[PDB]
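Asks: Would you mind keeping the following structure in view while I ask a few things?
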Amino acid sequence: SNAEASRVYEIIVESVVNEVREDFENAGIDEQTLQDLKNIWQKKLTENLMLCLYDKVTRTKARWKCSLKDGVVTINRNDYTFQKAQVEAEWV
Amino acid sequence: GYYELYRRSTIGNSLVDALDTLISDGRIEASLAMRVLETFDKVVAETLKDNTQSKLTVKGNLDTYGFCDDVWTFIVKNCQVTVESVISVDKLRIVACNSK
Amino acid sequence: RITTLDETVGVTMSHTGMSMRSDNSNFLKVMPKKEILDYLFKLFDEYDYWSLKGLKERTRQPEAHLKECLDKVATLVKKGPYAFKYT
Amino acid sequence: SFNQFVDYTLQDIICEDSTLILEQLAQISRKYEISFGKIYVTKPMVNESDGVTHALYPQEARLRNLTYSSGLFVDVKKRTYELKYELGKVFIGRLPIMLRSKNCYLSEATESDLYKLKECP
Amino acid sequence: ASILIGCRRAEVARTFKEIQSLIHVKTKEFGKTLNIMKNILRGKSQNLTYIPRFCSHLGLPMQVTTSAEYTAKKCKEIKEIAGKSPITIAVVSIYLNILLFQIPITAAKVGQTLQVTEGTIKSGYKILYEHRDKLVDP
Amino acid sequence: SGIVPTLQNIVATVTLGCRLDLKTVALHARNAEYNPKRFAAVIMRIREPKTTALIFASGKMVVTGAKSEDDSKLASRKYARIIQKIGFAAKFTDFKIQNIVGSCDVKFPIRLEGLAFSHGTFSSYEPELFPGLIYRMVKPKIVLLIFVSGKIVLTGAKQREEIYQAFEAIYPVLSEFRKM
């Protein structure tokens, strides 16, 4: 559970709708169609994978350290958002 | 610019299923969904770059590692994650690209 | 009048020659061949006359392959106003 | 005459032609400048072969066949212009010092002090 | 490397950081060229001198200079650490011989003048203070 | 005496006899590291034995990091078996050990200055540059590193008998320049 993820999701929905509204008016479809994109999108929004970027990956003998920045992690049906991360893994 | 790996997340797959739902079930114009995907990549990039304050800590046994086309891919078994709570993970996959 | 430094000399004389202290002041411190061929023909579409060094500064890649790609489809003019240029 | 030379002539020569500038061209213009300021004179000294530098007396100067001189330093100032956009005590050489002068050690010595330094009054 | 060789032949002492401060030779290639040059000299067929030089850099009396001489020789005879390059042995020897008297320089000034780490002169000052017993000349 | 040097590293080269492509190899493989902007070769590692092999596009591979000869040969056969498992027609041929590195301890301090003075034609001692001593033995041609604490390093050998003969030929010289 996290309210920051819901706030980020709301900023993403509002910003995407507001920035896409221009391309929706250029195509000439409908504004209520974009409203249906927001309603269906938020309706659909209601396997342990980390997505981010690395800054430095060092290895010493069999010890791996990684510096990660800005990413979302899916762990045990729970989502997380981090600005920094440190990975200290050991290889056989 | 703006990598397309964030599309593989939960919200990314949700937006992909929503766009494919609007294109398949209805008559929503195509190609525009790709523009929604690019705007999605930019918004997730800048949002995760500016609206994040957490700091994780993963410590486990490195099962697999690889690097290709500025892509680091790791597979860790039995790793503990510390948020800023401790979470036990049996298998964790990490995919990262170059930040520069 | 001129001021006479009264110190133990060895300090100033140490600062004269080698004193193991440098810097401290900034002053006067100062590939597939086919794709490369297609890109070269695109640069020819932009302009027919270009120097080989400028092409090496625009394409941004290993230069040996670019030279081999320039010695096949382009002729090198050495004199005239378009000297050292492939056309 | 020698004392007036050491007092005023050094500062006059250093100050009359100290400024030198290098003109650097790039294609944005650039410049550099070096100027000398207040010169500094020492007392008489001797730097030996091993590297030790100590005070010198005229007697030991005559016995060791040395040169009764004193070290000279100059405040060297450096500047870098980029074109009027503006962004050290260096040893210059030794100067032989005349005896019984304001720079030599014997000018302030007394009778018994000259007898200690083995110099006739 | 030729200047350093001419310095080693004339019984003179000049540290690698001094010629390195004069000429930027990138150290490593300097060490290789100095090694093969020494092989050339061998094919064509001493830290004590550093003490008076650094004592001249600090402006110390003669008693501290010869005291750092006896301290340098004795510390060369006691073993333990052996050296870790002779420069640090010289600076910790002068540091002990100057902490024996009353002339104050502290560790920061002598560390910024002689270009030596404070943690290194204190690390050597620890075991040196441990061997303070047999280093007394009078 | 009674001290026997223990091997620490073995560097061998194995020729596969084919050719590779590096994006596909780095894409389909498991434990490997590849980056053309730094080193144009795939760094493949295995767990048993814990070794490291540098694989090039011309088929040449460098297996290094083993503590014994059987671990370098068997590890090389494991790397070649992995290459044959990826999808190339490799062949484990031309296995030649290129380097053998060992170390030992004499359990007494060693006079490096007197050793560099007596054996000046074979030693190269510079404490301000390297606190150890570089002794270049003629027969056998072995490069030895002689430190102060007594740790003796031996490198530059093709067989183990060269290391053993180097230590047996350097032991009396170390016993001569002792301290306690």
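By convention here, the chains of the structure tokens are called A, B, ... in the order presented, each chain's residues are numbered starting at 1, and ligands are numbered starting at 1 in the order presented.
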Among chain C, which residues carry a DSSP assignment of strand (DSSP E), reported as a list in words?
Replies: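 Taking chain C and keeping strand (DSSP E) only, one gets residues 50, 51, 76, 77, 85 and 86 of chain C.
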Asks: Enumerate, as an MDAnalysis selection string, the complete set of residues in chain A that a backbone-based DSSP assignment places in alpha helix (DSSP H).
Replies: chainID A and resid 3:27 31:45
Asks: Can you tell me, as a VMD selection string, what residues are no more than 12 Å from residue 9 of chain E when counting only C-alpha atoms, ignoring any on the same chain fewer than 5 positions away?
Replies: chain E and resid 2 to 4 14 38 41
Asks: Store the residues picked out above in a file with N, CA and C atoms, as a tab-separated table (two decimals), in the first residue's frame.
Replies:
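The result, stored in out-v3.tsv:
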chain	number	residue	atom	x	y	z
E	2	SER	N	67.46	10.61	-16.92
E	2	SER	CA	68.88	10.92	-16.94
E	2	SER	C	69.25	11.87	-15.81
E	3	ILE	N	68.38	12.83	-15.50
E	3	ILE	CA	68.62	13.72	-14.37
E	3	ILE	C	68.61	12.93	-13.06
E	4	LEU	N	67.66	12.00	-12.92
E	4	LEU	CA	67.61	11.20	-11.70
E	4	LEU	C	68.83	10.29	-11.58
E	14	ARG	N	67.00	13.26	-4.60
E	14	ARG	CA	65.85	13.98	-5.14
E	14	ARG	C	64.70	13.00	-5.28
E	38	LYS	N	68.52	1.90	-16.28
E	38	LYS	CA	69.43	1.28	-15.33
E	38	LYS	C	70.01	-0.01	-15.89
E	41	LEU	N	72.81	1.06	-18.13
E	41	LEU	CA	74.00	1.42	-17.36
E	41	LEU	C	74.69	0.18	-16.82
Asks: For a quick check of understanding, using only C-alpha atoms, which of D:48, D:7, D:82, D:108 has the smallest distance to chain E?
Replies: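 Closest to chain E of all the choices is D:48.
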Asks: Report as CSV: every residue of chain E with an atom at most 12 Å from chain D, its closest pair of atoms, and their distance in Å to one decimal, counting only C-alpha atoms, with rows sorted by chain and ascending residue number.
Replies:
residue,atom,partner,partner_atom,distance
E:7,CA,D:50,CA,10.9
E:10,CA,D:50,CA,9.8
E:11,CA,D:50,CA,8.8
E:12,CA,D:50,CA,6.8
E:13,CA,D:50,CA,8.6
E:14,CA,D:51,CA,10.5
E:49,CA,D:50,CA,8.6
E:50,CA,D:50,CA,10.0
E:51,CA,D:52,CA,11.0
E:52,CA,D:52,CA,7.4
E:53,CA,D:51,CA,6.6
E:54,CA,D:52,CA,9.9
E:55,CA,D:52,CA,9.2
E:56,CA,D:52,CA,6.4
E:57,CA,D:52,CA,9.4
E:58,CA,D:52,CA,11.6
E:59,CA,D:53,CA,10.0
E:60,CA,D:52,CA,11.4
E:61,CA,D:54,CA,11.4
E:62,CA,D:52,CA,11.3
E:65,CA,D:52,CA,11.7
Asks: Next, write the just-selected residues to a file, as a JSON list (two decimals), in the first residue's frame, keeping N, CA and C atoms as the atom set.
Replies:
[["chain", "number", "residue", "atom", "x", "y", "z"],
["E", 7, "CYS", "N", 71.64, 12.24, -10.51],
["E", 7, "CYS", "CA", 71.46, 12.56, -9.09],
["E", 7, "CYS", "C", 71.87, 11.39, -8.21],
["E", 10, "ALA", "N", 75.87, 11.15, -8.12],
["E", 10, "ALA", "CA", 76.57, 12.19, -7.39],
["E", 10, "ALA", "C", 76.22, 12.22, -5.90],
["E", 11, "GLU", "N", 75.67, 11.13, -5.37],
["E", 11, "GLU", "CA", 75.31, 11.02, -3.95],
["E", 11, "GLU", "C", 74.29, 12.08, -3.53],
["E", 12, "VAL", "N", 73.47, 12.54, -4.47],
["E", 12, "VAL", "CA", 72.44, 13.52, -4.19],
["E", 12, "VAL", "C", 71.11, 12.79, -4.06],
["E", 13, "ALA", "N", 70.16, 13.42, -3.37],
["E", 13, "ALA", "CA", 68.86, 12.83, -3.10],
["E", 13, "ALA", "C", 67.77, 13.75, -3.63],
["E", 14, "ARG", "N", 67.00, 13.26, -4.60],
["E", 14, "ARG", "CA", 65.85, 13.98, -5.14],
["E", 14, "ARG", "C", 64.70, 13.00, -5.28],
["E", 49, "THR", "N", 70.41, 11.06, 3.21],
["E", 49, "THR", "CA", 70.67, 12.35, 2.58],
["E", 49, "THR", "C", 69.41, 13.20, 2.45],
["E", 50, "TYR", "N", 68.23, 12.59, 2.58],
["E", 50, "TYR", "CA", 66.99, 13.36, 2.50],
["E", 50, "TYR", "C", 66.72, 14.17, 3.76],
["E", 51, "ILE", "N", 67.29, 13.77, 4.90],
["E", 51, "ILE", "CA", 66.97, 14.44, 6.16],
["E", 51, "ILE", "C", 67.41, 15.90, 6.17],
["E", 52, "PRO", "N", 68.66, 16.25, 5.85],
["E", 52, "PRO", "CA", 69.03, 17.68, 5.87],
["E", 52, "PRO", "C", 68.26, 18.52, 4.87],
["E", 53, "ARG", "N", 67.76, 17.91, 3.79],
["E", 53, "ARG", "CA", 67.00, 18.66, 2.80],
["E", 53, "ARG", "C", 65.64, 19.07, 3.35],
["E", 54, "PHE", "N", 64.92, 18.13, 3.95],
["E", 54, "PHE", "CA", 63.62, 18.46, 4.55],
["E", 54, "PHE", "C", 63.79, 19.33, 5.79],
["E", 55, "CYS", "N", 64.86, 19.12, 6.56],
["E", 55, "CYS", "CA", 65.17, 20.03, 7.65],
["E", 55, "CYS", "C", 65.46, 21.43, 7.14],
["E", 56, "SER", "N", 65.99, 21.54, 5.92],
["E", 56, "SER", "CA", 66.14, 22.85, 5.30],
["E", 56, "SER", "C", 64.80, 23.40, 4.82],
["E", 57, "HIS", "N", 63.89, 22.52, 4.40],
["E", 57, "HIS", "CA", 62.55, 22.96, 4.01],
["E", 57, "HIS", "C", 61.77, 23.48, 5.21],
["E", 58, "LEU", "N", 62.02, 22.93, 6.40],
["E", 58, "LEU", "CA", 61.34, 23.39, 7.60],
["E", 58, "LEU", "C", 62.13, 24.43, 8.38],
["E", 59, "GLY", "N", 63.42, 24.58, 8.09],
["E", 59, "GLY", "CA", 64.24, 25.53, 8.81],
["E", 59, "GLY", "C", 64.48, 25.12, 10.25],
["E", 60, "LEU", "N", 65.01, 23.91, 10.44],
["E", 60, "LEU", "CA", 65.25, 23.35, 11.76],
["E", 60, "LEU", "C", 66.72, 23.46, 12.14],
["E", 61, "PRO", "N", 67.03, 23.51, 13.44],
["E", 61, "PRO", "CA", 68.43, 23.60, 13.87],
["E", 61, "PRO", "C", 69.23, 22.35, 13.51],
["E", 62, "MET", "N", 70.54, 22.39, 13.78],
["E", 62, "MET", "CA", 71.40, 21.26, 13.45],
["E", 62, "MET", "C", 71.17, 20.08, 14.39],
["E", 65, "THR", "N", 68.54, 18.03, 13.10],
["E", 65, "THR", "CA", 68.96, 17.35, 11.89],
["E", 65, "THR", "C", 69.75, 16.08, 12.21]]
Asks: Using 10 Å as the limit and counting only C-alpha atoms, can you tabulate each residue of chain D that touches chain C, with its shortest atom-to-atom distance in Å and the two atoms involved, as JSON lines?
Replies:
{"residue": "D:4", "atom": "CA", "partner": "C:1", "partner_atom": "CA", "distance": 9.9}
{"residue": "D:6", "atom": "CA", "partner": "C:2", "partner_atom": "CA", "distance": 8.0}
{"residue": "D:7", "atom": "CA", "partner": "C:1", "partner_atom": "CA", "distance": 5.7}
{"residue": "D:8", "atom": "CA", "partner": "C:1", "partner_atom": "CA", "distance": 7.1}
{"residue": "D:10", "atom": "CA", "partner": "C:2", "partner_atom": "CA", "distance": 8.4}
{"residue": "D:11", "atom": "CA", "partner": "C:2", "partner_atom": "CA", "distance": 7.6}
{"residue": "D:32", "atom": "CA", "partner": "C:28", "partner_atom": "CA", "distance": 8.4}
{"residue": "D:38", "atom": "CA", "partner": "C:2", "partner_atom": "CA", "distance": 7.4}
{"residue": "D:39", "atom": "CA", "partner": "C:2", "partner_atom": "CA", "distance": 6.7}
{"residue": "D:40", "atom": "CA", "partner": "C:3", "partner_atom": "CA", "distance": 5.8}
{"residue": "D:41", "atom": "CA", "partner": "C:4", "partner_atom": "CA", "distance": 5.3}
{"residue": "D:42", "atom": "CA", "partner": "C:4", "partner_atom": "CA", "distance": 5.3}
{"residue": "D:43", "atom": "CA", "partner": "C:4", "partner_atom": "CA", "distance": 7.3}
{"residue": "D:45", "atom": "CA", "partner": "C:9", "partner_atom": "CA", "distance": 8.3}
{"residue": "D:46", "atom": "CA", "partner": "C:9", "partner_atom": "CA", "distance": 10.0}
{"residue": "D:47", "atom": "CA", "partner": "C:13", "partner_atom": "CA", "distance": 8.8}
{"residue": "D:51", "atom": "CA", "partner": "C:13", "partner_atom": "CA", "distance": 9.5}
{"residue": "D:52", "atom": "CA", "partner": "C:10", "partner_atom": "CA", "distance": 7.6}
{"residue": "D:53", "atom": "CA", "partner": "C:10", "partner_atom": "CA", "distance": 6.4}
{"residue": "D:54", "atom": "CA", "partner": "C:9", "partner_atom": "CA", "distance": 7.5}
{"residue": "D:55", "atom": "CA", "partner": "C:9", "partner_atom": "CA", "distance": 8.7}
{"residue": "D:71", "atom": "CA", "partner": "C:13", "partner_atom": "CA", "distance": 9.1}
{"residue": "D:72", "atom": "CA", "partner": "C:4", "partner_atom": "CA", "distance": 9.6}
{"residue": "D:73", "atom": "CA", "partner": "C:16", "partner_atom": "CA", "distance": 9.2}
{"residue": "D:78", "atom": "CA", "partner": "C:27", "partner_atom": "CA", "distance": 7.8}
{"residue": "D:79", "atom": "CA", "partner": "C:27", "partner_atom": "CA", "distance": 7.8}
{"residue": "D:80", "atom": "CA", "partner": "C:27", "partner_atom": "CA", "distance": 7.2}
{"residue": "D:88", "atom": "CA", "partner": "C:15", "partner_atom": "CA", "distance": 9.8}
{"residue": "D:89", "atom": "CA", "partner": "C:16", "partner_atom": "CA", "distance": 8.3}
{"residue": "D:90", "atom": "CA", "partner": "C:16", "partner_atom": "CA", "distance": 6.5}
{"residue": "D:91", "atom": "CA", "partner": "C:16", "partner_atom": "CA", "distance": 6.0}
{"residue": "D:92", "atom": "CA", "partner": "C:16", "partner_atom": "CA", "distance": 9.3}
{"residue": "D:103", "atom": "CA", "partner": "C:4", "partner_atom": "CA", "distance": 8.9}
Asks: Which residues of chain B have any atom within 7 Å of an atom in chain F when counting only C-alpha atoms, and what is the closest pair of atoms for each, with the distance in Å to one decimal? Order the rows by chain and rising number and write it as a Markdown table.
Replies:
| residue | atom | partner | partner_atom | distance |
| --- | --- | --- | --- | --- |
| B:64 | CA | F:31 | CA | 5.9 |
| B:65 | CA | F:31 | CA | 5.7 |
| B:66 | CA | F:33 | CA | 5.8 |
| B:67 | CA | F:33 | CA | 5.7 |
| B:68 | CA | F:26 | CA | 6.2 |
Asks: Could those residues be written to a file, using N, CA and C atoms, as a tab-separated table (two decimals), in the first residue's frame?
Replies:
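This is the output file result.tsv:
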chain	number	residue	atom	x	y	z
B	64	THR	N	22.10	-14.86	-12.18
B	64	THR	CA	22.45	-14.61	-13.57
B	64	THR	C	22.75	-13.13	-13.75
B	65	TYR	N	23.68	-12.83	-14.66
B	65	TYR	CA	23.98	-11.46	-15.03
B	65	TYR	C	24.36	-11.41	-16.50
B	66	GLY	N	24.06	-10.28	-17.13
B	66	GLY	CA	24.35	-10.10	-18.54
B	66	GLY	C	24.33	-8.65	-18.93
B	67	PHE	N	25.00	-8.34	-20.04
B	67	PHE	CA	25.10	-6.98	-20.54
B	67	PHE	C	25.14	-7.01	-22.06
B	68	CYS	N	24.27	-6.23	-22.69
B	68	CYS	CA	24.20	-6.20	-24.15
B	68	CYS	C	23.49	-4.92	-24.57
